[PDB]
Amino acid sequence: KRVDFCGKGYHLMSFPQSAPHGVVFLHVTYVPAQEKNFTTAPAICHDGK
Amino acid sequence: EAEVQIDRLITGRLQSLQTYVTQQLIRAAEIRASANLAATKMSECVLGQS
Ligand SMILES: *[C@@H]1O[C@H](CO)[C@@H](O[C@@H]2O[C@H](CO)[C@@H](O)[C@H](O)[C@H]2NC(C)=O)[C@H](O)[C@H]1NC(C)=O
């Protein structure tokens, strides 16, 4: 859950690969797309509640 | 006779310059870790909730 620790976006999973004197991580993340506009409210009022 | 006296200065000044350059490497390795912590705090406290 650490932001940016395992790639950009919401981390899903990672896979390691070996390199000559190092390691390559393949990070799979979720990136939200195609946002729409809406009107919001904090609470609803119904029956005086 | 001035070669022998110039070499005594050359040796000293080289020693002093190289001491300066070692202590800067050791001080930069410490500034680097602080900046690496600042970069993690910017990710985890400013662009998120930790
Ligand atoms: C949600 O609505 C806002 C405001 O209506 C949109 O903001 C527009 O942004 C563009 C930038 O290219 C401005 O030129 C417009 O003046 C803004 N207002 C408009 C178009 O009414 C925003 O784009 C909307 N978001 C989505 C995802 O559609």
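Lettering of chains follows the sequences in order, A, B, ..., and the numbering in each one begins at 1. Just so you know, ligand 1 is whichever comes first in the structure, and atom 1 is the first atom listed for that ligand.
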Would a 4.5 Å heavy-atom cut-off, applied to side chains only, mark A/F25 and A/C6 as touching?
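No, too far: nothing below the 4.5 Å cut-off.
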
Side-chain heavy atoms of A/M13 within contact of A/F15, under 4.5 Å:
yes

Expected output: side-chain B/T40 to main-chain B/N36 donor-acceptor under 3.5 Å:
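Here the side-chain-to-backbone pair exists.
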
Would you tabulate the polar-atom pairs, meaning N/O of ligand 1 against N/O of the protein, with distances under 3.5 Å, reported to 0.1 Å?
from	atom 1	to	atom 2	distance (Å)
ligand 1	2 (O)	A/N37	ND2	2.3
ligand 1	25 (N)	A/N37	OD1	3.2
ligand 1	25 (N)	A/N37	ND2	2.9

Hey, can you tell me if A/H27 and A/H11 have their rings parallel, tilted or perpendicular (30° and 60° cut-offs)?
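Plane angle over 60°, so perpendicular.
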
Neighbour count above 12 (heavy atom, 6.0 Å) for B/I31 CD1:
no

How about CD on B/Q24, more than 12 heavy atoms from neighbouring residues, nucleotides or ligands closer than 6.0 Å, or not?
yes

